[PDB]
Amino acid sequence: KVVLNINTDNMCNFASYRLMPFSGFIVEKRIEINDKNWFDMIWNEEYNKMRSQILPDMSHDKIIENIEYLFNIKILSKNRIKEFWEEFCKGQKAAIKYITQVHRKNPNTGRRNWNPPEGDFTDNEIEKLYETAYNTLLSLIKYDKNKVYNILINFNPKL
Amino acid sequence: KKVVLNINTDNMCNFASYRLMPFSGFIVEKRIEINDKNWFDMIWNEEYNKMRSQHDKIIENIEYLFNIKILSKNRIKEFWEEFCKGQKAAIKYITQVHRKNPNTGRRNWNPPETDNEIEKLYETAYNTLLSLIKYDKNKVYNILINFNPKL
Amino acid sequence: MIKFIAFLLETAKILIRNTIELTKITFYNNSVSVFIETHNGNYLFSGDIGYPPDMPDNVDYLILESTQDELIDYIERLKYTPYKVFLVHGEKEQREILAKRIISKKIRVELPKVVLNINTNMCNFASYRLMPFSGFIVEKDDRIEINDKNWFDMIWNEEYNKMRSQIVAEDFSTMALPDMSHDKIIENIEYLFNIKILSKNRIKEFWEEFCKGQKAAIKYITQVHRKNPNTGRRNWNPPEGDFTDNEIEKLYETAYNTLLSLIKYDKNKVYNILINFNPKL
Amino acid sequence: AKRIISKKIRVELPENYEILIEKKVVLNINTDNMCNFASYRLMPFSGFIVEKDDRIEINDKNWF
Amino acid sequence: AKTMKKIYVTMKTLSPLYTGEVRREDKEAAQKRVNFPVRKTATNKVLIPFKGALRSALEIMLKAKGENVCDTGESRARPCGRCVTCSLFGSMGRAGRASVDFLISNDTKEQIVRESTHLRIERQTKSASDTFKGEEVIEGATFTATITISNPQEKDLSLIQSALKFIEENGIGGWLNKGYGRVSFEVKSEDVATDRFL
Amino acid sequence: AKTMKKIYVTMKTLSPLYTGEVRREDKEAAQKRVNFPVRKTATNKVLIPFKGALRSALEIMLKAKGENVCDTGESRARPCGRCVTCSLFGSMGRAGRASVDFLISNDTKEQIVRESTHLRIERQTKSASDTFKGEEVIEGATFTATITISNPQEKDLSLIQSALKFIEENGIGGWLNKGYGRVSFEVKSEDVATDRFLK
Amino acid sequence: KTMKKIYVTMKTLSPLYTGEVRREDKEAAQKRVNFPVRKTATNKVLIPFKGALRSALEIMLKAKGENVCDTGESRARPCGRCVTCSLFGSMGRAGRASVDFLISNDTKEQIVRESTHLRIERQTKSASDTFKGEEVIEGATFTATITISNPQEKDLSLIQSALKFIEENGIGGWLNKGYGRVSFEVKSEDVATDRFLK
RNA sequence: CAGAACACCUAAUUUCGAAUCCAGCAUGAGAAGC
Ligand SMILES: [Zn+2]
Ligand SMILES: [Zn+2]
Ligand SMILES: [Zn+2]
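Residues numbered from 1 in each chain as written, not as in the entry; some residues may be left out. Chains lettered and ligands numbered in written order. Part of a larger assembly, values for the part shown. Heavy atoms only, no water. Residues with missing side-chain atoms left out of burial classes, pairs and counts.

Going by the header, the method for this PDB entry is cryo-EM, and the resolution given is 2.97 Å.

Going by the PDB entry, chain C carries the name Protein structure and comes from metagenome. For this entry, the PDB title field holds "Cryo-EM structure of CTR-bound type VII CRISPR-Cas complex at substrate-engaged state II".

Chain A is annotated in the PDB entry as Protein structure from metagenome.

Caption draft 1: Region of the structure containing the packing of helix α4 (residues 88-98) of chain B against helix α5 (residues 115-132) of chain B. Residues and elements named next belong to chain B. Running from N to C, α4 and α5 point in directions that differ by 180 degrees, and their axes come no closer than 11 Å. The pairing of α4 with α5 is recorded here as roughly antiparallel in orientation. Listed contacts from α5 to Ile94, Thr95 and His98 of α4 are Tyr122, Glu123, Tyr126 and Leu129. Residue classes in the contact of α4 with α5 are distributed as four nonpolar, two polar and one charged. (Axes fitted to C-alpha atoms, helices over the stretch in contact; angles between N-to-C directions. Helix = DSSP H or I, 4+ residues; strand = E, 2+ residues; numbered from the N terminus. Parallel < 35°, antiparallel > 145°, perpendicular 65-115°, else oblique. Contact = heavy atoms within 4.5 Å. Nonpolar A, V, L, I, M, F, W, Y, C, P; charged D, E, K, R; others polar.)

Caption draft 2: Inspection of the interface of chain E and chain F at higher detail. Taken together, the contacts link 38 residues of chain E with 42 residues of chain F. Secondary-structure elements contributing two or more residues to the side of chain E that touches chain F are α2 (51-64), β5 (118-121), β6 (128-132) and α5 (156-170) of chain E.

Caption draft 3: Just the environment of A:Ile75, in detail. Among the secondary structure elements, A:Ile75 is positioned in the loop between α2 (60-72) and α3 (78-90). Each C-alpha atom, one on A:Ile75 and one on A:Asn115, is 4.7 Å from the other, the two residues being 40 residues apart in sequence.

Caption draft 4: Region of the structure containing the sheet that holds strand β9 (residues 108-110) of chain C. All names here are of chain C. Here seven strands make up an open sheet; going across it, the order is β3-β4-β5-β6-β7-β8-β9 and the pairing mixed. Each having just a single partner strand, β3 (20-21) and β9 make up the two edges of the open sheet. Where β3 lies against strand β4 (residues 24-27), two bridges are found, and the strand directions are antiparallel. Note that in β4 the partner of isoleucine 20 across the bridge is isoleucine 25. Seen against the sheet, helix α2 (residues 92-104) touches β8 (84-88) and β9 and runs at an angle of roughly 165 degrees to β8. (Pairing = 2+ DSSP bridges.)

Caption draft 5: Summary view of unusual backbone geometry. One non-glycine residue, F:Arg76, adopts positive backbone phi at about 55 degrees. Within the fold, F:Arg76 resides in the loop between α2 (51-65) and α3 (84-88). Even without being a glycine, G:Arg75 presents a positive backbone phi close to 60 degrees.

Caption draft 6: Just the packing of helix α5 (residues 200-211) of chain C against helix α6 (residues 214-225) of chain C, in detail. Residues and elements named next belong to chain C. Viewed as axis vectors pointing N to C, α5 and α6 meet at an angle of 145 degrees, and their least axial separation amounts to 7 Å. For the pair α5 and α6, the contacting residues are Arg202, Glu205, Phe206, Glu209 and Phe210 in the first and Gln214, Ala216, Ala217, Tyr220, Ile221 and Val224 in the second. Residue classes in the contact of α5 with α6 are distributed as seven nonpolar, one polar and three charged.

Caption draft 7: Representation of the packing of aromatic side chains within the structure. Taken together, a centroid distance of 6.3 Å and an interplanar angle of 55 degrees make the contact between A:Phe39 and B:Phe15 tilted. Of the two residues, A:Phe39 is situated in helix α1 (residues 36-53) and B:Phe15 in the loop between β1 (3-5) and β2 (19-29); the pairing between them involves two chains. Between C:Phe4 and C:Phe7, the aromatic rings sit 6.0 Å apart at their centres with planes inclined by 70 degrees, giving edge-to-face as the arrangement. Each residue in the set A:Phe25, A:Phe39, A:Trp43, B:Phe15, C:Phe136, C:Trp151, C:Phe152, C:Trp156, D:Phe37 and D:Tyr40 is aromatic and connected to the rest through ring pairs, giving one cluster. Note that A:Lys147 overlies the ring of A:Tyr143, its terminal NZ or CZ placed 4.7 Å from the centroid. (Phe/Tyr/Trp six-rings, centres within 6.5 Å; stacked < 30°, edge-to-face > 60°. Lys NZ or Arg CZ within 6 Å of the ring centre and 35° of its normal.)

Caption draft 8: Examining the arrangement of the chains more closely. When C-alpha atoms are compared, chain D and chain F, though not in contact, are closest at a spacing of 19 Å. Nowhere do chain D and chain G come into contact; their C-alpha atoms are at least 36 Å apart.

The structure is reproduced here in structure tokens:
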């Protein structure tokens, strides 16, 4: 038999046929259908074997509303959304490290590496917008690749 | 709930105790079938098509234009094909090939073997075959037999 | 370059004291051995050994055999000691036991598409030097290269982008758009076709995105007409003419309204509309 | 130069001045089981590169 | 008849090299991520059309000498079948003696094809009015093509090398006015008896 | 037709010179180290676009003189095909007679490209708000180009020389406003025969 | 059309320190001097002029009280609608005034000297720190131009006001220590954009 | 087996090295010989 190991959310409708663009790995195991996660875990498992021998949760609609608002004040530009797509696609620890990197207030300068807000806001609230941006972009990493792409191509098409 | 695979399971790698193959998918729902890109290119084409379902003077002039290659054997064959199709296809055909593109300026006639003389000879081809579009089909057949042997 | 099987030698493609000159070939007696000279090499196929043989005059390569003291005596008394000896035609353990002694006389041995490492760490475990590595073997049409999961990550991400930007949600599948009569559609698309806002590429792209459903056409015409917040630039071709700035905007609005009003017309009807403009499709 | 010729290694003086030594890279792993993903004939393999004098080899887990 | 000239041409790019993507489906698949993709094989190697470059080069240089060479440049023109480019590259009644292979690179896309960012700057405001992406082949990329000439005369070598210096001067591919496609050629010529496969 | 103009252009650099890296992969490779990479070759040499600078120069000066030159710098503006710059650099119908190459450097990055630091002084406290590192080309760096006009008339020399003088005024590429890109040009012009290479 | 030449001449009146920005020029001078001066590869001293002029105009015009943005806070985006944005640039239009660098007319040997500075302990009145820097001597002459592409009426007086602010406050680094006090002589001319067109 | 030309003590150290816009249009889709 054959087992698909993928949740079938993000299924479009091409004419009268429901359809999913997808990339994977045929495994002759139960003839399993496994995603990229599988490959990363098994690559690192063989790395450890070879070398041995010698996130907060936010609702989806709140993610759209907050990413909408942070897009309008240009805290979250499309350069940020594109590089967040690169660092999420590379993995999750990379996206954690990138988001902590852009949110780290440098102790010597006091500066966050975000883009400043457009408009008049108090410095406490500008900081709260930065902390909100940390919370949404960190909360985005808990989702799969498909909803992250579908969320951020409404704001940076090409991301 | 059933699953069926429709991609070749023959040219697949082996690594790390699993016989694995990176593959691109097009998971379809009906069972749940996993198709490649050839099926998706197919369906894309077939849905496209589906939507895509919905008298001596003429002798002298044709003898002139046969030598400078403006009218040619392919042109005689297709003009006679429009005439054998009828009369509406003839007017549509010579309107289409006389149609100078407003962007580039190049007509679809074959070039003669100045621009004023070029326009005059292309107009000669128009009045020649548009005069020939009104005569009887037997006369068109005997005139076109002399220059194109097949048609 | 010797290819082992007998002994093939690819320079002339010969395969193994007067001098025959084919690649200077010359047979010395074993007590028989052959000394071949070429611009890339001075090879010696010795054959077997018996006690005072006839070693050649520089033997760059010495391809000998044994199954022990006489092999090494012949490894010496040869002027200009060879670069690499080759230990053939014997048992493997005895070949290694001899080979340890050719290493003790500081002479290198080798016991019997181009492949490129695109790798990068080292370990000195056991007698040999190494670096543990899990990777990929690509077999390009004249190379065979070795990569790691970063390269597979980059082509996997390229495949994911190329396959996501290939199927839209409800295209070729089955309201509130503007409405305007066919005569004003004629006048507007004639006027917007002479000046170049509605050009043959744009009519053709309207035709494909209308064949892919009404919503695909609505999405295409919106993203063509969508003015950018920053540049203030719409994806129309500029009209060719004096039009100063405001009838530019009213003219792009006319293109928006005319295409959106043409959307709810029948597919054959918009076909009979468009082919007067773009004869192809 | 005379003594180092006596040690039977070769000398090139500058006023008196041709083997090729390819530091070859060779693959000692199975090659038949390969697939296609992005029009690339690839194969995941895990093993050990061994940098031996005059030859870089790519040897499997069996060799190690 | 009994001999063929073989011209192994190895060409190395001294400049960025753009030739355009020809296949409609490959172009429309890569009219999203890049707006001027370069010509690729399905084995992911860069194709350059080489015969037309040599034929154009020879026709301009031979019309410059005043020889009675024709021109297959104007719309719907006629090979006269009597010139030296008509003998070399062919007419409508006779084929070409010099069969000119495509310029096949030895590398693939990730080694030589790079995407880019080309601009259009407003003359008064000095700001980028337009942006568009376009692939190019890098400098130092090298390509091979084999030109095989059946029934060779004396002067096919000289004309082919002269065409190659003209291609070095003008460029090959597209965007030749912006500096793209300027290359250098190396030629290994060899006479061949046609029956060497027997 | 029978003749063709070769304009060998040797450019020397006086102020620092910047032209931004256009290739995506080369740029993102350099943004781990420098925030503004110099446009560079894969043979490690500095590449500067040169046709558009000459066209922009000639467009501005001919427009100020009063000649009937179209403005191809406006967004998706069609060249009409009857201007002088349309005959020189190109139109939609016909290509340009002048085929300008890139300004290829005569040295190789590691001798002419230096990594520099620029800032943003906060205007009231006189401290540094932003600090960014950009690559630039040193002064006295030599660049070479050739302008090959296929069908020369008499003005195609002097118009190119005038545009070159305008490039000495405004700068060739990059941050022309901060003073970058100020260069000088030497011109060696010859009219070659088109049939030169035919033996 | 017209464009405005502002030929700007600086004479140094107190030792001028601007810092070397090139990394290869700076970490190879670190064995000698802890503060190199900004130099060319022609070994002439470079001063960044634009940012000083723009900082001057923001400070003075903000004190007078018009709508002028600040381009000095953290990632401060220009607005596009002010006199400073029109002259020196924004995120839309570029700067109408191209401000060339200040290159010295003499090379480094005549004008750069290698000085010793110190930090004195306030209690013991002894030398606590010692560091070597490079300073431009007094009387060194630096030449620039400023070109205005689209010249408005107020622009010369605006540039000269910023050039009086830079005379009083200073240019370069170590500004509150007395380093960088300069004098400006300005010759202006309006020229037509068609001047090189013979 | 190659450079060689009144007095001390010092000649170091620390931050930042990022952020943003755009990535579109337009033309051509035919001939002819056998
Ligand atoms: Zn001919
Ligand atoms: Zn024009
Ligand atoms: Zn402003």
